[PDB]
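A lone chain, given as structure tokens: the form deposited in one PDB entry.
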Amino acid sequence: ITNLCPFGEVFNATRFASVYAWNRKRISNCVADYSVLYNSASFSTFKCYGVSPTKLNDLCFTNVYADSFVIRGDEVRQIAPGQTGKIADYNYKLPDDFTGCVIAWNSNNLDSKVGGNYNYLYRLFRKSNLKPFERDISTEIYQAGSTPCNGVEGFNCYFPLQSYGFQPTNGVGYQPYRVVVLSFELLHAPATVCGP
């Protein structure tokens, strides 16, 4: 296999998904240089689980899944096994036995706009926590108390998604961050994704 893995279209995509509707790209039958990314000064997080980041280029996997979305700076800590909060609980959840890497970088230049970018959403309300790698894109009015809602927004009856408001001079904790989560999958099948 000579062809390079299409990481450019993952990391350099013009637009990223909302976290609640996080995107998944399957990577396979290709060669990828993880070290070039790890050793760059571009990322604020490059932290791996079940595998050493400095050993990634020596390994082969059956599939690599690249999940990507935007959150705000103070939420990057929630993208890890065992974490709690709105993002881990209701939006994107990693398993305890996660084998992969979490990669994040500040995206203020791209994802904020004067006047405010309000297109990136997260789920604020949900009945129960997501299971690992579960995705929820439903938009039913959430009942927060005893009175049924009958689909009517109101007191204790909340639309479940909420926009981030990304404006360029927000504090860093409230600036947008792009996140790529790589899942390294080893099946009972030949490996097709290796380093160089």
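Position 1 is the first residue in the sequence shown; the rest follow in order. We call the rigid core whatever largest set of C-alpha positions still superposes within 1.5 Å between the two forms.
Here the rigid core sets the fit, and in 4 other deposited structures of this protein the C-alphas of 55 to 63 stray farther than those of the other stretch, out of 55 to 63 and 124 to 132. Choosing between 34 to 42 and 161 to 169, the greater Cα displacement from the shown form in 4 other deposited structures of this protein, fitted by the core, goes with 34 to 42. The stretch with the higher mean CA B factor, choosing between 165 to 173 and 49 to 57, is 49 to 57.
Per-stretch averaging of Cα B factors for 29 to 37 and 61 to 69 places 29 to 37 on top. Placement of the Cα temperature factor of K93 within the chain: lowest third of the modelled residues, per the deposited record. The deposited CA B-factor of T139 belongs to the middle third of values across its chain.
Annotation for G85: C-alpha temperature factor in the lowest third relative to the rest of the modelled chain, per the entry. Per-chain ranking of the deposited C-alpha B factor places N12 in the highest third. Looking at the C-alpha B-factors along this chain, the one for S42 belongs to the middle third.
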